[PDB]
file final-v7.pdb (PDB, C-alpha atoms and all ligand atoms)
MODEL        1
ATOM      1  CA  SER A   1      66.360  42.323  39.895
ATOM      2  CA  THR A   2      62.638  42.409  39.178
ATOM      3  CA  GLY A   3      59.636  44.607  39.872
ATOM      4  CA  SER A   4      55.889  43.998  39.966
ATOM      5  CA  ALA A   5      53.186  46.653  40.285
ATOM      6  CA  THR A   6      49.408  46.596  40.043
ATOM      7  CA  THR A   7      47.792  48.795  37.400
ATOM      8  CA  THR A   8      44.236  50.009  37.966
ATOM      9  CA  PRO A   9      41.618  51.430  35.560
ATOM     10  CA  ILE A  10      40.948  55.109  36.200
ATOM     11  CA  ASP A  11      37.183  54.769  35.646
ATOM     12  CA  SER A  12      34.407  52.296  34.888
ATOM     13  CA  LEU A  13      35.223  52.278  31.143
ATOM     14  CA  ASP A  14      38.946  51.451  31.417
ATOM     15  CA  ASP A  15      39.741  54.780  29.732
ATOM     16  CA  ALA A  16      43.317  54.467  31.023
ATOM     17  CA  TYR A  17      45.276  52.637  33.703
ATOM     18  CA  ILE A  18      47.369  54.082  36.538
ATOM     19  CA  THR A  19      50.286  52.469  38.346
ATOM     20  CA  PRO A  20      51.879  53.771  41.572
ATOM     21  CA  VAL A  21      55.473  54.956  41.220
ATOM     22  CA  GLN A  22      57.807  56.057  44.012
ATOM     23  CA  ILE A  23      59.892  59.152  43.195
ATOM     24  CA  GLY A  24      62.529  60.760  45.389
ATOM     25  CA  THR A  25      63.752  60.454  48.959
ATOM     26  CA  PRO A  26      61.641  60.138  51.064
ATOM     27  CA  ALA A  27      59.370  58.562  48.469
ATOM     28  CA  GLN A  28      56.653  60.602  46.818
ATOM     29  CA  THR A  29      54.126  58.208  45.301
ATOM     30  CA  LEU A  30      52.459  59.355  42.084
ATOM     31  CA  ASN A  31      50.014  57.357  39.954
ATOM     32  CA  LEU A  32      51.400  57.317  36.420
ATOM     33  CA  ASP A  33      49.993  56.180  33.083
ATOM     34  CA  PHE A  34      52.457  53.589  31.753
ATOM     35  CA  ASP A  35      52.635  54.330  28.035
ATOM     36  CA  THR A  36      54.374  51.944  25.603
ATOM     37  CA  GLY A  37      53.687  54.525  22.852
ATOM     38  CA  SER A  38      55.918  57.308  24.246
ATOM     39  CA  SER A  39      59.279  57.674  25.937
ATOM     40  CA  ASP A  40      59.063  60.497  28.504
ATOM     41  CA  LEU A  41      58.534  60.063  32.245
ATOM     42  CA  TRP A  42      56.815  63.312  33.187
ATOM     43  CA  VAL A  43      54.914  64.368  36.290
ATOM     44  CA  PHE A  44      52.679  67.041  37.665
ATOM     45  CA  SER A  45      54.885  69.003  40.030
ATOM     46  CA  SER A  46      55.339  71.994  42.298
ATOM     47  CA  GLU A  47      56.395  73.804  39.096
ATOM     48  CA  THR A  48      53.148  73.128  37.212
ATOM     49  CA  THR A  49      51.103  76.262  36.494
ATOM     50  CA  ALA A  50      48.674  76.366  39.416
ATOM     51  CA  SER A  51      45.560  76.879  37.292
ATOM     52  CA  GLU A  52      46.457  73.702  35.358
ATOM     53  CA  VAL A  53      46.487  71.443  38.450
ATOM     54  CA  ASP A  54      43.080  70.120  39.555
ATOM     55  CA  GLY A  55      43.380  67.278  42.050
ATOM     56  CA  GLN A  56      46.555  65.554  40.838
ATOM     57  CA  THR A  57      49.294  64.546  43.243
ATOM     58  CA  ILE A  58      52.429  66.568  42.555
ATOM     59  CA  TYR A  59      56.137  65.817  42.725
ATOM     60  CA  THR A  60      58.030  68.446  44.738
ATOM     61  CA  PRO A  61      61.749  68.074  43.931
ATOM     62  CA  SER A  62      62.804  70.487  46.685
ATOM     63  CA  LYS A  63      61.544  67.918  49.227
ATOM     64  CA  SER A  64      63.634  65.074  47.749
ATOM     65  CA  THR A  65      67.190  64.791  49.050
ATOM     66  CA  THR A  66      68.164  62.811  45.930
ATOM     67  CA  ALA A  67      66.691  65.203  43.321
ATOM     68  CA  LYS A  68      69.125  67.172  41.171
ATOM     69  CA  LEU A  69      68.246  69.698  38.492
ATOM     70  CA  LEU A  70      69.434  68.484  35.093
ATOM     71  CA  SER A  71      70.884  71.843  34.188
ATOM     72  CA  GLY A  72      69.691  73.334  30.917
ATOM     73  CA  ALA A  73      67.408  70.433  30.009
ATOM     74  CA  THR A  74      63.858  71.058  28.798
ATOM     75  CA  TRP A  75      61.168  68.843  27.321
ATOM     76  CA  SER A  76      58.012  69.287  25.294
ATOM     77  CA  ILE A  77      55.710  66.579  23.985
ATOM     78  CA  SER A  78      52.578  66.472  21.847
ATOM     79  CA  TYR A  79      50.527  63.288  21.768
ATOM     80  CA  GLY A  80      48.470  61.905  18.903
ATOM     81  CA  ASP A  81      45.189  62.948  20.549
ATOM     82  CA  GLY A  82      46.285  66.593  20.697
ATOM     83  CA  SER A  83      47.270  66.531  24.389
ATOM     84  CA  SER A  84      50.595  68.064  25.399
ATOM     85  CA  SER A  85      52.901  68.993  28.254
ATOM     86  CA  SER A  86      56.320  70.589  28.739
ATOM     87  CA  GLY A  87      58.797  71.673  31.387
ATOM     88  CA  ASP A  88      62.264  71.127  32.848
ATOM     89  CA  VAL A  89      64.075  68.053  34.155
ATOM     90  CA  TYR A  90      65.419  66.566  37.386
ATOM     91  CA  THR A  91      67.191  63.317  37.993
ATOM     92  CA  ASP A  92      65.990  61.317  40.981
ATOM     93  CA  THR A  93      65.461  57.820  42.307
ATOM     94  CA  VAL A  94      62.427  56.105  40.809
ATOM     95  CA  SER A  95      60.993  52.772  41.934
ATOM     96  CA  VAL A  96      58.232  50.680  40.391
ATOM     97  CA  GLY A  97      56.947  47.664  42.273
ATOM     98  CA  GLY A  98      60.218  47.213  44.150
ATOM     99  CA  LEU A  99      62.550  47.835  41.161
ATOM    100  CA  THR A 100      64.722  50.931  41.678
ATOM    101  CA  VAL A 101      66.550  53.116  39.153
ATOM    102  CA  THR A 102      68.860  55.834  40.404
ATOM    103  CA  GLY A 103      69.485  58.891  38.250
ATOM    104  CA  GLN A 104      66.251  58.557  36.273
ATOM    105  CA  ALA A 105      65.196  61.630  34.309
ATOM    106  CA  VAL A 106      61.976  62.902  35.888
ATOM    107  CA  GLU A 107      60.455  65.522  33.606
ATOM    108  CA  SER A 108      58.690  68.163  35.702
ATOM    109  CA  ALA A 109      55.716  69.770  33.976
ATOM    110  CA  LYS A 110      55.484  73.535  33.913
ATOM    111  CA  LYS A 111      52.544  73.357  31.491
ATOM    112  CA  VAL A 112      49.973  70.691  30.674
ATOM    113  CA  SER A 113      47.065  70.736  28.252
ATOM    114  CA  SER A 114      43.472  70.884  29.431
ATOM    115  CA  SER A 115      42.932  67.153  28.839
ATOM    116  CA  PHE A 116      45.539  66.397  31.521
ATOM    117  CA  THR A 117      44.252  69.045  33.945
ATOM    118  CA  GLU A 118      40.764  67.570  33.614
ATOM    119  CA  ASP A 119      41.898  64.033  34.496
ATOM    120  CA  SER A 120      42.534  64.227  38.234
ATOM    121  CA  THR A 121      43.509  60.541  38.420
ATOM    122  CA  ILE A 122      46.605  60.744  36.171
ATOM    123  CA  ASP A 123      49.633  62.304  37.906
ATOM    124  CA  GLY A 124      51.868  61.904  34.838
ATOM    125  CA  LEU A 125      53.107  59.400  32.277
ATOM    126  CA  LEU A 126      55.864  56.787  32.353
ATOM    127  CA  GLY A 127      57.009  56.145  28.804
ATOM    128  CA  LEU A 128      58.001  52.627  27.752
ATOM    129  CA  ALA A 129      58.606  53.027  24.010
ATOM    130  CA  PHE A 130      62.171  53.295  22.716
ATOM    131  CA  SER A 131      64.392  56.033  24.114
ATOM    132  CA  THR A 132      64.974  57.458  20.626
ATOM    133  CA  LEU A 133      61.556  59.150  21.044
ATOM    134  CA  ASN A 134      62.436  60.906  24.312
ATOM    135  CA  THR A 135      61.926  64.670  23.953
ATOM    136  CA  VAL A 136      64.505  66.010  26.426
ATOM    137  CA  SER A 137      66.801  68.609  24.861
ATOM    138  CA  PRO A 138      69.702  69.137  24.396
ATOM    139  CA  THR A 139      70.614  65.724  25.871
ATOM    140  CA  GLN A 140      68.068  62.994  25.180
ATOM    141  CA  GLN A 141      67.246  60.837  28.200
ATOM    142  CA  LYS A 142      66.566  57.124  28.681
ATOM    143  CA  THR A 143      63.302  55.510  29.725
ATOM    144  CA  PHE A 144      62.873  53.785  33.061
ATOM    145  CA  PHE A 145      63.029  50.402  31.309
ATOM    146  CA  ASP A 146      66.173  51.287  29.377
ATOM    147  CA  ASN A 147      67.873  52.395  32.598
ATOM    148  CA  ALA A 148      66.739  49.273  34.496
ATOM    149  CA  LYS A 149      67.346  46.747  31.730
ATOM    150  CA  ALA A 150      70.920  45.726  32.498
ATOM    151  CA  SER A 151      70.007  45.000  36.137
ATOM    152  CA  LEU A 152      66.904  42.946  35.345
ATOM    153  CA  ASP A 153      66.947  39.159  35.531
ATOM    154  CA  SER A 154      65.688  39.163  31.926
ATOM    155  CA  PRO A 155      65.486  42.274  29.686
ATOM    156  CA  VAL A 156      61.687  42.280  29.472
ATOM    157  CA  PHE A 157      58.562  43.841  30.866
ATOM    158  CA  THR A 158      55.018  42.507  30.627
ATOM    159  CA  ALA A 159      51.617  44.172  30.446
ATOM    160  CA  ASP A 160      48.629  42.279  31.855
ATOM    161  CA  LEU A 161      45.783  44.797  31.729
ATOM    162  CA  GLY A 162      42.423  43.914  33.238
ATOM    163  CA  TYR A 163      38.933  44.322  31.798
ATOM    164  CA  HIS A 164      37.071  46.455  34.335
ATOM    165  CA  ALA A 165      39.578  45.200  36.913
ATOM    166  CA  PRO A 166      43.169  45.716  38.055
ATOM    167  CA  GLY A 167      46.095  44.091  36.289
ATOM    168  CA  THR A 168      49.869  43.958  36.499
ATOM    169  CA  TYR A 169      53.072  45.366  35.036
ATOM    170  CA  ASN A 170      56.082  43.120  35.678
ATOM    171  CA  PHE A 171      59.719  44.006  34.993
ATOM    172  CA  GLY A 172      62.471  41.456  34.540
ATOM    173  CA  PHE A 173      60.497  38.199  34.531
ATOM    174  CA  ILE A 174      57.611  36.405  32.829
ATOM    175  CA  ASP A 175      54.941  35.151  35.264
ATOM    176  CA  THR A 176      54.072  31.778  33.762
ATOM    177  CA  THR A 177      50.921  31.600  35.927
ATOM    178  CA  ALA A 178      49.445  34.755  34.348
ATOM    179  CA  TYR A 179      48.507  33.336  30.934
ATOM    180  CA  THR A 180      47.115  30.228  29.275
ATOM    181  CA  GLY A 181      48.709  28.197  26.516
ATOM    182  CA  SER A 182      51.979  29.459  25.061
ATOM    183  CA  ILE A 183      53.367  32.910  24.237
ATOM    184  CA  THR A 184      53.679  33.611  20.501
ATOM    185  CA  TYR A 185      56.530  35.982  19.686
ATOM    186  CA  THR A 186      56.557  38.251  16.659
ATOM    187  CA  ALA A 187      59.083  40.613  15.110
ATOM    188  CA  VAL A 188      59.365  44.292  16.049
ATOM    189  CA  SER A 189      60.594  47.255  14.015
ATOM    190  CA  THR A 190      62.068  50.049  16.118
ATOM    191  CA  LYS A 191      62.492  52.373  13.115
ATOM    192  CA  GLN A 192      59.728  54.733  14.317
ATOM    193  CA  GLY A 193      60.604  54.321  18.012
ATOM    194  CA  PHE A 194      57.521  52.186  18.770
ATOM    195  CA  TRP A 195      56.814  48.557  19.590
ATOM    196  CA  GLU A 196      55.751  48.156  15.967
ATOM    197  CA  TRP A 197      54.731  44.726  14.675
ATOM    198  CA  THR A 198      52.591  43.105  11.973
ATOM    199  CA  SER A 199      49.399  41.253  12.816
ATOM    200  CA  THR A 200      48.552  38.376  10.490
ATOM    201  CA  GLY A 201      44.843  39.185  10.145
ATOM    202  CA  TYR A 202      41.474  39.314  11.812
ATOM    203  CA  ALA A 203      38.043  37.821  12.271
ATOM    204  CA  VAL A 204      34.714  39.363  13.278
ATOM    205  CA  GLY A 205      32.656  37.307  15.704
ATOM    206  CA  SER A 206      32.365  33.708  14.573
ATOM    207  CA  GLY A 207      33.318  34.656  11.011
ATOM    208  CA  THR A 208      36.171  33.288   8.961
ATOM    209  CA  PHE A 209      39.660  34.598   9.614
ATOM    210  CA  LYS A 210      40.994  36.999   6.974
ATOM    211  CA  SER A 211      44.726  36.607   6.424
ATOM    212  CA  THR A 212      46.143  40.078   5.843
ATOM    213  CA  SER A 213      49.154  41.946   7.195
ATOM    214  CA  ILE A 214      48.283  44.808   9.550
ATOM    215  CA  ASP A 215      51.288  46.839  10.702
ATOM    216  CA  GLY A 216      50.664  48.643  13.977
ATOM    217  CA  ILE A 217      51.979  49.509  17.421
ATOM    218  CA  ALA A 218      51.406  47.957  20.839
ATOM    219  CA  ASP A 219      50.381  51.047  22.818
ATOM    220  CA  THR A 220      49.235  50.771  26.428
ATOM    221  CA  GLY A 221      48.790  54.559  26.473
ATOM    222  CA  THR A 222      45.988  54.572  23.894
ATOM    223  CA  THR A 223      42.533  53.447  25.020
ATOM    224  CA  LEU A 224      41.039  52.042  21.823
ATOM    225  CA  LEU A 225      41.917  49.778  18.891
ATOM    226  CA  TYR A 226      42.592  51.805  15.713
ATOM    227  CA  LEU A 227      42.663  49.755  12.500
ATOM    228  CA  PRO A 228      42.293  50.314   8.741
ATOM    229  CA  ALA A 229      38.916  51.567   7.579
ATOM    230  CA  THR A 230      38.222  48.346   5.653
ATOM    231  CA  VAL A 231      38.652  46.239   8.804
ATOM    232  CA  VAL A 232      36.646  48.599  11.000
ATOM    233  CA  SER A 233      33.777  48.767   8.496
ATOM    234  CA  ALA A 234      33.654  44.962   8.356
ATOM    235  CA  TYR A 235      33.373  44.861  12.158
ATOM    236  CA  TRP A 236      30.623  47.469  12.583
ATOM    237  CA  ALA A 237      28.611  46.073   9.668
ATOM    238  CA  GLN A 238      27.825  43.170  12.021
ATOM    239  CA  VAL A 239      26.127  45.493  14.552
ATOM    240  CA  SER A 240      22.586  46.583  13.674
ATOM    241  CA  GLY A 241      22.325  50.353  13.729
ATOM    242  CA  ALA A 242      26.052  51.048  13.999
ATOM    243  CA  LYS A 243      27.347  53.959  11.948
ATOM    244  CA  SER A 244      30.286  56.302  11.645
ATOM    245  CA  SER A 245      29.339  59.710  13.045
ATOM    246  CA  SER A 246      31.397  62.709  11.956
ATOM    247  CA  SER A 247      29.823  64.837  14.689
ATOM    248  CA  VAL A 248      30.730  62.370  17.443
ATOM    249  CA  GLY A 249      34.120  61.490  15.953
ATOM    250  CA  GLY A 250      33.860  57.785  15.180
ATOM    251  CA  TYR A 251      31.686  54.715  15.073
ATOM    252  CA  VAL A 252      28.729  54.677  17.433
ATOM    253  CA  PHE A 253      26.221  51.900  17.997
ATOM    254  CA  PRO A 254      22.927  51.366  19.843
ATOM    255  CA  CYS A 255      23.595  50.846  23.522
ATOM    256  CA  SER A 256      21.026  48.004  23.388
ATOM    257  CA  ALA A 257      23.336  45.959  21.119
ATOM    258  CA  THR A 258      25.291  42.840  22.015
ATOM    259  CA  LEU A 259      28.660  43.325  20.316
ATOM    260  CA  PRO A 260      30.516  40.552  18.469
ATOM    261  CA  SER A 261      34.054  39.611  19.411
ATOM    262  CA  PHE A 262      37.054  40.650  17.332
ATOM    263  CA  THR A 263      40.023  38.340  16.764
ATOM    264  CA  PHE A 264      43.498  39.450  15.710
ATOM    265  CA  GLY A 265      46.350  37.250  14.517
ATOM    266  CA  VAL A 266      49.803  36.982  16.076
ATOM    267  CA  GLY A 267      51.676  34.684  13.744
ATOM    268  CA  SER A 268      49.604  31.508  13.623
ATOM    269  CA  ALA A 269      48.058  32.323  17.015
ATOM    270  CA  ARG A 270      44.833  34.213  17.656
ATOM    271  CA  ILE A 271      43.819  36.700  20.371
ATOM    272  CA  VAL A 272      40.065  37.088  20.919
ATOM    273  CA  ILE A 273      38.708  40.424  22.156
ATOM    274  CA  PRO A 274      35.261  39.756  23.690
ATOM    275  CA  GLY A 275      32.473  41.978  22.422
ATOM    276  CA  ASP A 276      31.951  43.615  25.799
ATOM    277  CA  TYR A 277      35.515  45.000  25.682
ATOM    278  CA  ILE A 278      34.472  47.080  22.633
ATOM    279  CA  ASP A 279      31.671  48.964  24.458
ATOM    280  CA  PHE A 280      32.750  52.427  25.649
ATOM    281  CA  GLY A 281      29.342  53.469  26.846
ATOM    282  CA  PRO A 282      27.028  56.375  26.122
ATOM    283  CA  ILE A 283      28.492  59.149  23.981
ATOM    284  CA  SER A 284      27.126  61.650  26.503
ATOM    285  CA  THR A 285      25.464  61.058  29.832
ATOM    286  CA  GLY A 286      22.110  59.347  29.388
ATOM    287  CA  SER A 287      22.397  58.825  25.639
ATOM    288  CA  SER A 288      21.328  55.543  24.038
ATOM    289  CA  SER A 289      24.119  55.927  21.470
ATOM    290  CA  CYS A 290      27.295  54.198  22.626
ATOM    291  CA  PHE A 291      30.882  54.790  21.510
ATOM    292  CA  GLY A 292      32.758  51.977  19.797
ATOM    293  CA  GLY A 293      36.065  50.580  20.986
ATOM    294  CA  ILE A 294      37.280  49.766  17.466
ATOM    295  CA  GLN A 295      37.822  52.887  15.353
ATOM    296  CA  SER A 296      39.437  53.770  12.050
ATOM    297  CA  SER A 297      43.106  54.709  11.951
ATOM    298  CA  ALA A 298      42.641  56.464   8.607
ATOM    299  CA  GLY A 299      43.319  59.951   9.982
ATOM    300  CA  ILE A 300      46.231  58.875  12.202
ATOM    301  CA  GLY A 301      48.946  57.489   9.919
ATOM    302  CA  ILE A 302      49.468  54.314  11.970
ATOM    303  CA  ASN A 303      47.401  51.438  13.316
ATOM    304  CA  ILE A 304      47.269  51.283  17.110
ATOM    305  CA  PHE A 305      46.751  48.143  19.191
ATOM    306  CA  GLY A 306      45.642  50.081  22.270
ATOM    307  CA  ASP A 307      44.169  48.883  25.547
ATOM    308  CA  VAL A 308      41.067  47.319  23.928
ATOM    309  CA  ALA A 309      43.357  44.835  22.178
ATOM    310  CA  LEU A 310      46.149  44.499  24.737
ATOM    311  CA  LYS A 311      43.820  43.809  27.688
ATOM    312  CA  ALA A 312      42.679  40.611  25.927
ATOM    313  CA  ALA A 313      46.250  39.271  26.152
ATOM    314  CA  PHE A 314      49.304  38.796  28.315
ATOM    315  CA  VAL A 315      51.850  40.905  26.419
ATOM    316  CA  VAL A 316      55.645  40.548  26.587
ATOM    317  CA  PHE A 317      57.761  43.558  25.629
ATOM    318  CA  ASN A 318      61.085  41.830  24.991
ATOM    319  CA  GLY A 319      63.931  44.355  25.078
ATOM    320  CA  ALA A 320      66.706  41.988  24.076
ATOM    321  CA  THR A 321      69.293  43.220  21.577
ATOM    322  CA  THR A 322      66.760  42.427  18.848
ATOM    323  CA  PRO A 323      63.423  43.362  20.457
ATOM    324  CA  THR A 324      60.303  41.265  19.930
ATOM    325  CA  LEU A 325      56.722  41.208  21.218
ATOM    326  CA  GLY A 326      54.971  38.187  22.707
ATOM    327  CA  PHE A 327      51.231  37.601  23.065
ATOM    328  CA  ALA A 328      49.398  34.908  25.013
ATOM    329  CA  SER A 329      45.751  34.361  25.792
ATOM    330  CA  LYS A 330      44.788  34.542  29.458
TER     331      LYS A 330
HETATM  332  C1  LIG B 401      44.055  61.305  29.951
HETATM  333  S1  LIG B 401      45.078  61.960  28.620
HETATM  334  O1  LIG B 401      44.863  63.380  28.324
HETATM  335  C2  LIG B 401      46.305  61.092  27.750
HETATM  336  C3  LIG B 401      47.007  60.009  28.244
HETATM  337  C4  LIG B 401      47.984  59.368  27.472
HETATM  338  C5  LIG B 401      48.293  59.811  26.183
HETATM  339  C6  LIG B 401      49.350  59.083  25.350
HETATM  340  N1  LIG B 401      48.710  58.176  24.380
HETATM  341  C7  LIG B 401      47.594  60.921  25.657
HETATM  342  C8  LIG B 401      46.595  61.564  26.437
ENDMDL
END
call {"tool": "encode", "arguments": {"input": "final-v7.pdb", "output": "structure tokens", "more": "lines below"}}
Ligand SMILES: C[S@@](=O)c1ccc(CN)cc1
result
Amino acid sequence: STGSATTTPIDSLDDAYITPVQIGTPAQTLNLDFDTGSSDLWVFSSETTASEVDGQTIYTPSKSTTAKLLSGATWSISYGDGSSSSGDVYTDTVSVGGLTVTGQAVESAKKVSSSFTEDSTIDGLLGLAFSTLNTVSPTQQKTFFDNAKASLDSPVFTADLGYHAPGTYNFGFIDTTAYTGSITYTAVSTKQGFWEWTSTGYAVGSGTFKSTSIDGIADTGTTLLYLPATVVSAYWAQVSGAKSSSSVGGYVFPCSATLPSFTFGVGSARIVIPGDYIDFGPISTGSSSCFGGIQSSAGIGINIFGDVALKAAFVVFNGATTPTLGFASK
């Protein structure tokens, strides 16, 4: 089997991407944030504290003839940005782009943090990291991809995120029309539960490529590119007036600037992030200070190849017995 679904930016800055997912019988379609950095499929629901729902579409398990309470199971997750959610668990039929999994754990939120309440466009998350990170207790549950994998034509999914435009998540096949050149594959460590790999270096604009190993994670659920402070300083030093602002929480730059590109290495291959992808717009409405799309990972404990990086590439998440990651230009 295969599936193919369009993923759409939630706003004009590409702050996140939402993908329609069918849950239950008859289908209830919710727009979920596909997140290769976590491993829980959770949704706003009829159980979510009413004051914490503000415009999201909710899953109502009592209206699904295939929903079953997973008795005794609870979940609770805290994300790296400080967001969180928790609740109980149903199993139900879940379909993405024509690919169906029966008995998928659907984690129903009883509580969500304010960041989720305030984003009316995100009805939940669909985790695509390794199932060892799933938070369901006392019986850990599998991700949608892990449940689907044996049925797929090939044990892979691909992320093709757009810049200020829709893109595609495919399951079970590699669309050879969606990229240019060849796909370069690189090793993955699953020891932390992430799609963790080592970039071979970077360049700023038209500058020379610096060969240096940068361990990090491919994370579709994180907006920006978080890299070591040395790398980030070298980037922003090429932008007149750019500075790190403690009060704003990162590097800012004059909105009048034209940003240089940023290149990262995948083996001997190179992925080029155009400068415009690194502009996240005014820090507050009407400001002439703009927020940078490349930020330091120093306070995080891990480097994160988030959407800013991944949207410059066609990315293969290869879930074979030994997982690997592939990157192609597009
Ligand atoms: C809009 S939001 O509050 C959000 C979405 C995804 C993650 C996982 N990286 C964390 C927070």
call {"tool": "atom_distance", "arguments": {"input": "final-v7.pdb", "atom1": "CA of residue 324 (chain A)", "atom2": "CA of residue 155 (chain A)"}}
result
11.1 Å
call {"tool": "resolve_selection", "arguments": {"input": "final-v7.pdb", "expression": "the PyMOL selection byres (((chain A and resi 185) around 9) and not hetatm)", "output": "ChimeraX atom specification"}}
result
/A:183-184,186-187,266-267,316,324-328
call {"tool": "closest_residue", "arguments": {"input": "final-v7.pdb", "among": "A:175, A:276, A:160, A:88", "to": "residue 43 (chain A)", "atoms": "all atoms listed in the file"}}
result
A:88
call {"tool": "residues_near_ligand", "arguments": {"input": "final-v7.pdb", "ligand": "ligand LIG 401 (chain B)", "cutoff": "9 Å", "atoms": "only C-alpha atoms and all ligand atoms", "output": "PyMOL selection string"}}
result
chain A and resi 15-16+33-38+78-84+113-122+124-125+127+219-223+306
call {"tool": "write_last_selection", "arguments": {"input": "final-v7.pdb", "atoms": "C-alpha atoms", "output": "mmCIF file, in the coordinates of the input"}}
result
data_model
loop_
_atom_site.group_PDB
_atom_site.id
_atom_site.type_symbol
_atom_site.label_atom_id
_atom_site.label_comp_id
_atom_site.auth_asym_id
_atom_site.auth_seq_id
_atom_site.Cartn_x
_atom_site.Cartn_y
_atom_site.Cartn_z
ATOM 1 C CA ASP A 15 39.741 54.780 29.732
ATOM 2 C CA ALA A 16 43.317 54.467 31.023
ATOM 3 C CA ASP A 33 49.993 56.180 33.083
ATOM 4 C CA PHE A 34 52.457 53.589 31.753
ATOM 5 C CA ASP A 35 52.635 54.330 28.035
ATOM 6 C CA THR A 36 54.374 51.944 25.603
ATOM 7 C CA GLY A 37 53.687 54.525 22.852
ATOM 8 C CA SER A 38 55.918 57.308 24.246
ATOM 9 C CA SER A 78 52.578 66.472 21.847
ATOM 10 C CA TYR A 79 50.527 63.288 21.768
ATOM 11 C CA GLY A 80 48.470 61.905 18.903
ATOM 12 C CA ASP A 81 45.189 62.948 20.549
ATOM 13 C CA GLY A 82 46.285 66.593 20.697
ATOM 14 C CA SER A 83 47.270 66.531 24.389
ATOM 15 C CA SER A 84 50.595 68.064 25.399
ATOM 16 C CA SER A 113 47.065 70.736 28.252
ATOM 17 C CA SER A 114 43.472 70.884 29.431
ATOM 18 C CA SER A 115 42.932 67.153 28.839
ATOM 19 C CA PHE A 116 45.539 66.397 31.521
ATOM 20 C CA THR A 117 44.252 69.045 33.945
ATOM 21 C CA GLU A 118 40.764 67.570 33.614
ATOM 22 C CA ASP A 119 41.898 64.033 34.496
ATOM 23 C CA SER A 120 42.534 64.227 38.234
ATOM 24 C CA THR A 121 43.509 60.541 38.420
ATOM 25 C CA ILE A 122 46.605 60.744 36.171
ATOM 26 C CA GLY A 124 51.868 61.904 34.838
ATOM 27 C CA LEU A 125 53.107 59.400 32.277
ATOM 28 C CA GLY A 127 57.009 56.145 28.804
ATOM 29 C CA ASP A 219 50.381 51.047 22.818
ATOM 30 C CA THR A 220 49.235 50.771 26.428
ATOM 31 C CA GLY A 221 48.790 54.559 26.473
ATOM 32 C CA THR A 222 45.988 54.572 23.894
ATOM 33 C CA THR A 223 42.533 53.447 25.020
ATOM 34 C CA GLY A 306 45.642 50.081 22.270
#
call {"tool": "residues_near_point", "arguments": {"input": "final-v7.pdb", "point": "(44.9, 35.0, 19.8)", "cutoff": "9 Å", "atoms": "all atoms listed in the file", "output": "ChimeraX atom specification"}}
result
/A:184,263-266,268-273,312-313,327-329
call {"tool": "residues_around", "arguments": {"input": "final-v7.pdb", "residues": "residue 300 (chain A)", "least_positions_apart": "2", "cutoff": "12 Å", "atoms": "all atoms listed in the file", "output": "PyMOL selection string"}}
result
chain A and resi 79-82+216+226-229+295-298+302-304
call {"tool": "resolve_selection", "arguments": {"input": "final-v7.pdb", "expression": "the PyMOL selection byres (((chain A and resi 89) around 7) and not hetatm)", "output": "ChimeraX atom specification"}}
result
/A:69-70,73-74,87-88,90-91,105-108
call {"tool": "resolve_selection", "arguments": {"input": "final-v7.pdb", "expression": "the PyMOL selection byres (((chain A and resi 128-132) around 12) and not hetatm)", "output": "ChimeraX atom specification"}}
result
/A:32-41,105,125-127,133-136,139-149,156-159,169,171,188-196,217-221,317-319,323
call {"tool": "closest_residue", "arguments": {"input": "final-v7.pdb", "among": "A:150, A:30, A:248, A:308", "to": "residue 275 (chain A)", "atoms": "only C-alpha atoms"}}
result
A:308
call {"tool": "atom_distance", "arguments": {"input": "final-v7.pdb", "atom1": "CA of residue 1 (chain A)", "atom2": "CA of residue 321 (chain A)"}}
result
18.6 Å
call {"tool": "closest_residue", "arguments": {"input": "final-v7.pdb", "among": "A:299, A:103, A:137, A:23", "to": "residue 76 (chain A)", "atoms": "all atoms listed in the file"}}
result
A:137
